[PDB]
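Protein chains in written order, with this note's numbering: chain F, 218 to 463; chain R, 23 to 199; chain E, 61 to 284; chain A, 230 to 666; chain C, 23 to 240.
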Amino acid sequence: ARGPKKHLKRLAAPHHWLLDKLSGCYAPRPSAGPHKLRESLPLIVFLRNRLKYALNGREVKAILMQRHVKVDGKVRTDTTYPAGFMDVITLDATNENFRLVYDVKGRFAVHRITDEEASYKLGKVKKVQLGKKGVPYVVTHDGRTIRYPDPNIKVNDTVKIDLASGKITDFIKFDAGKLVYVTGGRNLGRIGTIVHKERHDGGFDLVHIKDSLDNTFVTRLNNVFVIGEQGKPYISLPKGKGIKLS
Amino acid sequence: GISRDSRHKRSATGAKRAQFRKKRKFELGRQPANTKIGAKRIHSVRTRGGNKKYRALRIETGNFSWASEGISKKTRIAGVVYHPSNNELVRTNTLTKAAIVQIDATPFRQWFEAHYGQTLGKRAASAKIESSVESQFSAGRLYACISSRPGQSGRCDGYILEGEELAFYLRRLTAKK
Amino acid sequence: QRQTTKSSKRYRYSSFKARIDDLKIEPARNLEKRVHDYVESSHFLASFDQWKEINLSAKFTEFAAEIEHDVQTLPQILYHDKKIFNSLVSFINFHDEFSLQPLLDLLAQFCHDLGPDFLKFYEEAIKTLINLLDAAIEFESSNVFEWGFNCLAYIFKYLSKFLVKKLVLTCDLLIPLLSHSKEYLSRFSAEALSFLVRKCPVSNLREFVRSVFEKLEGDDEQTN
Amino acid sequence: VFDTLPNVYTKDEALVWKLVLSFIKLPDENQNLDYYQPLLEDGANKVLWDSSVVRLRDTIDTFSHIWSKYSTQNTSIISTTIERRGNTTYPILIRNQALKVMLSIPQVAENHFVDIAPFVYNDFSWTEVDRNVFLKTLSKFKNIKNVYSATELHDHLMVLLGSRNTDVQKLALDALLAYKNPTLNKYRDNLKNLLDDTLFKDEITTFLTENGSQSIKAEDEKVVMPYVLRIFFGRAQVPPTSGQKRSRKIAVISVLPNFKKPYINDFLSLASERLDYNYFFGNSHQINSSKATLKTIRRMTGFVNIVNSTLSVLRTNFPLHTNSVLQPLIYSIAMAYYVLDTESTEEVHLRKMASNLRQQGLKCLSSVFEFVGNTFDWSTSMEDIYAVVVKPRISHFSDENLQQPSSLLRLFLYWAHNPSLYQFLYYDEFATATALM
Amino acid sequence: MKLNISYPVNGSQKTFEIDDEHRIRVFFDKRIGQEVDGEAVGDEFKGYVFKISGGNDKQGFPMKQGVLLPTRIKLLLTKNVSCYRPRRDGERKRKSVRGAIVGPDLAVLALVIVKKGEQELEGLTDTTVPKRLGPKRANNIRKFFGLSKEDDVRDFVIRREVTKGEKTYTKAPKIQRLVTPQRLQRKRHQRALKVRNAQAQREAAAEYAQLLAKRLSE
RNA sequence: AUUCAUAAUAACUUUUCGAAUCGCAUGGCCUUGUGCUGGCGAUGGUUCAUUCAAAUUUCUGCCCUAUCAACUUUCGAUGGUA
RNA sequence: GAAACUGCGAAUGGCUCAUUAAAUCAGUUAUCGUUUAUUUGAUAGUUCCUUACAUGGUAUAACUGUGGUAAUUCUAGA
């Protein structure tokens with residue numbers, strides 16, 4: 218190819234979208250945005266295939282151009298906007314807020330959310346840095362640049378962000394014994410407390426996690442996402458609370 | 023014409039690789055700007071991204087910095103004296119990086135007079151300079167190493183040759199004469 | 061030059077002032093399959109069930125909880141007259157658009173059921189309505205203006221004979237909205253009270269004309 | 230008429246010149262239509278009702294207007310007489326029309342010129358378009374040295390060259406090149422390329438640099454340095470809003486230190502000559518006119534900024550002249566103290582500019598004392614610089630200056646460190662000494 | 023050949039066929055941009071002075087300046103040139119165009135009248151056509167009418183009377199580049215927005231500095 | 001892990017950017033000036049981050065042929081410096 | 001609301017396997033070795049500094065008209 222692709226075949230799409238393999242050849246290629254390609258849910262997939270609020274892409278256009286959908290406090294009108302993980306999608310006429318969060322089976326999960334919980338949003342501080350004119354900022358896992366953070370915020374640390382002002386309300390450190398959500402890899406959706414960060418130099422730091430039935434597994438630091446302290450998730454988890462069973 | 027792929031060379035074992043594709047645009051090369059000394063004349067090349075890149079065809083002046091004093095003045099370049107890659111560049115007066123040119127010395131000695139209250143030739147510890155630098159000041163031209171890439175940025179910026187480099191290049195000039 | 065030759069597309073922009081200038085009031089000029097006049101187990105209850113299906117908003121959901129436990133039938137309405145009306149007025153003063161549609165429809169139909177007994181709630185009903193309309197000025201919404209003035213038209217139509225008998229008190233109520241310093245408020249309030257004026261007979265009309273001319277000489281300085 | 234007239238002025242070139250000069254003079258000349266105004270009559274009444282339907286409003290307005298006319302019949306008779314008499318006022322651009330005509334016909338003005346030189350020597354108020362058209366005409370002039378007042382035209386021409394609009398500089402350079410002499414004919418392209426914006430700094434380092442190729446010779450230097458100093462004055466009056474303009478101003482003042490001593494003194498003499506100090510020194514220290522205006526304080530601020538930059542690039546070798554350097558400086562700081570005392574704390578802009586001028590004046594005073602010190606005399610002006618020290622400062626010098634080394638403080642320290650400069654301490658009743666105490 | 027002669031002052035233009043070869047030999051060896059003599063052309067052009075402006079040869083390939091070769095040629099034309107209109111951005115077609123030196127084979131030579139002679143030519147000198155449109159910028163109207171800077175332009179817009187059946191109707195341009203209360207408000211909003219944002223930035227920076235100094239004094 | 005982020009100094013520039021743009025509405029002021037102020041949102045623009053990318057790139061893995069055992073370096077083959 | 005200027009897109013998609021045997025490719029890495037339209041989030045008062053901002057200047061398209069040529073999504077002069 219001599220430039221950037223604009224089409225996505227149906228079987229090329231990420232599996233967790235649950236797109237059925239007969240209704241066409243193309244799947245909504247999610248436009249460039251806050252979240253990466255293989256872990257984003259376009260609004261057309263969310264409104265049509267999940268909520269069944271639309272039957273066609275033309276109805277998804279009708280909804281979005283009616284300006285009902287708001288993704289993290291702001292109105293979106295692009296039907297393939299990449300609404301990712303830990304997202305707040307508010308429908309006003311239906312009086313619902315949705316936290317987008319993974320399920321145990323590896324798929325995204327509608328989470329009905331009240332107003333006082335929808336008012337904020339977690340975000341994994343991923344790159345702390347010093348910008349022009351000597352101001353510091355943090356780059357979370359959705360592109361959000363937040364100038365002037367707390368001096369103790371480091372890489373891989375969760376920050377609870379007030380949405381309607383884009384500000385940092387508070388933060389949760391990365392130590393052993395915190396509650397860790399896992400986002401990528403085989404075990405994604407298994408909420409468990411972090412036991413031990415096995416740390417290599419130049420390689421990938423693995424993380425040993427142990428969850429409520431005291432089961433132990435290993436992931437990477439890229440897939441680990443800190444939620445809260447022991448038994449105190451800052452967000453409301455989906456049903457089953459992230460436990461893989463038999 | 024020019025392209026800079028590594029599919030037309032011999033293999034590491036000494037084999038001849040057959041052709042794999044047509045030449046691509048992202049491995050282009052362009053024609054060198056043999057920048058000489060004359061009135062200022064500068065092309066602009068459009069480069070990947072939308073990025074401008076100024077080529078110099080002829081450039082007279084330049085910005086030269088005195089490192090030991092940490093200052094910078096704009097002077098006039100006289101002519102290329104030494105160049106470690108090609109004495110044909112020395113002959114044809116090409117301005118490139120790592121060239122050894124002679125510059126005018128009047129702004130440097132004017133700054134020295136206005137800053138240390140003392141002329142040159144013919145706060146005393148600060149006023150003391152090196153002997154070869156004083157000899158060049160008495161001569162009327164200063165040796166300066168160019169440290170800019172005038173085929174890329176279109177600027178000829180350099181630094182005045184300080185002690186050790188001046189010794190090495192003085193040995194080089196006297197031996198090669 | 062308003063939009064005269066319509067185009068071929070389907071979704072025009074229709075700014076707020078354009079929507080108001082297009083807007084009128086008379087629902088009798090309008091007509092549809094009116095649900096409350098169509099099904100007749102109880103007017104309030106029929107409209108309540110339709111709006112419980114249609115509307116999903118927090119404010120109307122709470123109102124629906126309370127009064128759905130209260131009303132299921134006409135003697136229940138006729139007995140719990142005050143509780144229903146005070147809850148309705150509470151949420152209309154809460155002033156939320158997504159819920160402002162069904163509560164206005166229910167206020168109209170509640171008066172229609174409670175006809176000649178509504179004349180004790182009628183005054184502060186009108187007061188909360190005009191406070192709502194001035195709030196609508198503050199948040200521009202042609203929807204809210206259309207709903208509120210259709211509720212006023214319905215209340216006038218349902219209590220025709222009594223307000224016609226007592227016409228001067230109605231315009232004494234609406235003068236804060238009739239002489240309001242906004243062209244569309246004066247326009248819509250004048251259309252509703254104009255329907256009542258058309259309905260009134262000759263003697264009370266003479267009294268009302270004499271009174272309104274005296275009030276105009278009082279508002280010599282006012283032109284609106 | 231613009232293409233017709235250059236073929237037919239040859240028949241009667243005198244009357245067309247009278248007409249052209251009349252059109253030049255006409256926008257400046259007054260016009261009055263002070264008619265006969267009768268006594269006022271209070272005839273007015275709301276003859277009809279005021280309606281709300283607009284076409285009824287219009288007809289009622291028409292009838293009420295006619296009624297007001299017929300009620301105040303007298304004044305309406307006068308106004309109708311005037312409006313049917315019709316206008317006689319020359320539209321304002323008629324000066325521009327006649328200047329375009331004179332631009333197309335250069336030879337008649339070149340012949341006369343005894344009626345246009347008053348405008349030049351009064352320095353116009355005319356607009357910049359008309360000024361540029363008239364200077365284009367002066368460039369078109371052929372027998373330019375043999376005009377009525379050649380050297381005074383030359384002087385005002387050089388001033389307009391020293392101006393800061395580079396278009397005006399181009400026009401004045403073209404007229405000064407129309408003035409013909411072989412030295413300027415030798416350096417004709419060089420000054421044009423100095424006026425060119427792109428070749429500016431390259432040209433500066435090309436041939437203004439001492440001891441090189443294409444440099445100005447000695448006699449040519451003597452004859453050409455006024456021109457170079459006026460053009461450098463314009464390029465220095467260029468204001469420093471961005472990095473490129475800051476670099477241009479710095480390039481100008483940093484090539485200044487290579488000319489010659491009287492040429493540096495002459496450039497700075499120009500910079501002072503825009504101002505005035507003969508008020509103080511025709512008096513002793515009293516200002517004749519209360520010129521506390523933004524215009525004159527911004528002139529002083531520009532002067533002290535160019536003096537600061539010149540000192541910073543000529544830390545030891547610059548000439549001090551009492552008639553061009555020191556006297557306008559003490560004039561400047563005395564004017565700062567004067568405006569600060571005289572007008573209130575309501576004038577925020579004037580008071581802030583006064584504070585900046587005070588700062589920069591004391592800074593250049595400390596700088597020049599540090600830079601020359603004992604190298605020339607002071608007994609001529611010890612008393613004046615001491616007066617402009619001792620009026621506002623020594624009364625609260627300790628109360629003001631206690632946080633950092635001030636410029637005034639460092640000047641005192643230089644005074645006390647050098648032996649011949651004890652005379653100021655000696656001059657008062659050791660007032661500055663007890664201030665230090 | 024055929025002489026396409028145009029009087030630009032009247033905006034008028036006409037064509038005159040030419041058969042005898044003497045005036046053609048007058049035109050010979052001359053190029054586009056030069057001048058010729060109407061008397062040497064013929065009788066009726068006594069006093070007139072033309073200028074060789076363009077032409078096409080006997081097959082259609084027009085004349086192009088810059089190429090001094092009285093033949094046909096194949097030039098690599100680019101975006102902004104004459105005798106070529108690009109169909110696509112960055113396209114450079116190579117086209118056959120005729121050189122500028124006037125030869126014998128020109129089917130049409132097109133001239134402009136620079137100086138009027140002594141006799142009135144029929145179509146050129148007598149009649150004229152008005153300009154099609156008036157000025158559309160506000161300062162263009164102020165120039166074309168000589169209006170002072172204090173005077174307004176919307177009273178001096180040039181209108182055109184159109185008629186369709188019986189409804190007479192007027193038209194007038196939207197005066198582009200006209201100072202309005204709208205543009206004044208927009209400029210005011212740019213100023214106030216910059217000021218507000220700078221104040222918010224100073225406030226947030228001061229709050230972070232306070233927090234940081236509290237941490238260090240902790 | 002860095003000559004990193006960032007900051008500072010001195011100059012340099014055929015030299016950039018720092019809004020001469022557009023839609024709906026019309027509110028607050030009052031020295032009653034056609035004066036001062038003001039909402040929603042469209043396009044744009046310097047840098048930094050993000051995303052869709054792109055180009056290089058490390059290890060390991062290709063079918064038949066020794067009746068193919070030497071091959072590559074002038075003409076760049078392997079490395080060093082500019 | 002035709003036309004035309006301006007902005008964007010036409011570099012994706014569709015077809016075929018001719019070439020290429022450590023080449024493509026598969027799995028695994030790196031960019032502390034670079035460019036990135038778009039999307040998303042942040043981001044720029046620099047007050048002054050000597051002689052129109054109620055808002056500078058040129059053109060050109062389409063169009064009117066005069067033409068060429070056997071002819072093309074050819075185009076010239078005004």
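Using N, Cα and C, we set each Cβ at its ideal position, and we do this for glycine too.
| Check | Outcome |
| --- | --- |
| Exposed unless 16 or more other CB atoms sit within 10 angstroms - verdict on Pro221 (chain F) | exposed |
| Residue from E:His129, E:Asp130, E:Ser147 and E:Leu238 with nearest C-alpha to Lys275 (chain E) | E:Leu238 |
| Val376 (chain A) versus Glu339 (chain A) - alpha carbon distance | 7 Å |
| Any chain R beta carbon closer than 8 Å to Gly531 (chain A) | no |
| Minimum Cβ-Cβ distance from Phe199 (chain E) to chain F less than 8 Å | no |
| Where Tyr106 (chain C) falls: helix, strand or coil (DSSP) | coil |
| The beta strand (DSSP E) enclosing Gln346 (chain F), as first and last residue numbers | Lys344 to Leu347 |
| Rounded straight-line distance, which links the Cα of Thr375 (chain F) to that of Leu339 (chain F) | 7 Å |
| Supposed contact pair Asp304 (chain F) and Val288 (chain F) - C-beta distance, whole angstroms, cut 8 Å | 6 Å |
| Identity of the residues DSSP links to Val58 (chain C) by a beta bridge | C:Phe72 |
| For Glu128 (chain E) and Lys112 (chain E), the rounded distance between their alpha carbons | 10 Å |
| Chain C contact residues for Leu322 (chain A), given Cβ-Cβ distances below 8 Å | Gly168 and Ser170 |
| Residue interval of the beta strand (DSSP E) (run including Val577 (chain A)) | Note, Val577 (chain A): premise wrong, no beta strand (DSSP E); alpha helix (DSSP H) at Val577 to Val601. |
| Candidates R:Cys167, R:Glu49, R:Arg43 and R:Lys96: closest to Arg477 (chain A) by CA position | R:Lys96 |
| Nearest neighbour of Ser610 (chain A), chosen from A:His550, A:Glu575 and A:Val577 [CA to CA] | A:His550 |
| Simplified DSSP state of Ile215 (chain E), which is helix, strand or coil | helix |
| CB contact check: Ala310 (chain F) to chain E, cutoff 8 Å | yes |
| In DSSP terms, what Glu206 (chain E) is bridged to | In DSSP, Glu206 (chain E) forms no bridge with anything. |
| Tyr416 (chain A), enclosing alpha helix (DSSP H) - first and last residue | Neither: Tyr416 (chain A) is in no alpha helix (DSSP H) and is coded neither H nor E. |
| Cβ separation of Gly406 (chain F) and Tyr319 (chain F), assumed to be a contact under 8 Å, to the nearest whole Å | 4 Å |
| Backbone CA spacing between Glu144 (chain C) and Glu43 (chain C) [nearest angstrom] | 24 Å |
| Identity of the residues DSSP links to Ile122 (chain R) by a beta bridge | R:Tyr104 and R:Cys167 |
| Near-chain F residues of the stretch 145-166 of chain E - C-beta to any C-beta below 9 Å | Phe158 |
| Contact residues within the stretch 75-88 of chain R, judged by C-beta distance below 7 Å to chain A | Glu82 and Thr83 |
| Beta-bridge partners of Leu317 (chain F), as assigned by DSSP | F:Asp304 and F:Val327 |
| Residues near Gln140 (chain R) by beta carbon distance below 8 Å, same chain, minus five either side | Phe134 and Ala149 |
| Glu576 (chain A): contacting residues in chain R (beta-carbon distance under 7 Å) | None at all; the shortest Cβ gap to chain R is about 40 Å. |
| Proximal residues, the stretch 131-159 of chain R versus chain A, C-beta separation under 8 Å | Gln132, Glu135, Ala136, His137 and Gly139 |
| Beta-carbon spacing of residue 285 (chain E), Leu234 (chain E) below 8 Å | The requested residue 285 (chain E) does not occur in the structure, where chain E is confined to residues 61 to 284. |
| Distance, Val355 (chain F) Cα to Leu183 (chain R) Cα | 45 Å |
| Beta-carbon proximity list for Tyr506 (chain A), same chain, < 6 Å, skipping 5 on both sides | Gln556, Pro557 and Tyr560 |
| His578 (chain A), buried or exposed, once every other Cβ within 10 Å from all chains shown has been counted against 16 | exposed |
| Chain-ordered neighbours of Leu128 (chain C) on chain F, where CB pairs are closer than 8 Å | Simply none; closest approach about 47 Å. |
| DSSP beta-bridge partners of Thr37 (chain C) | C:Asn26 |
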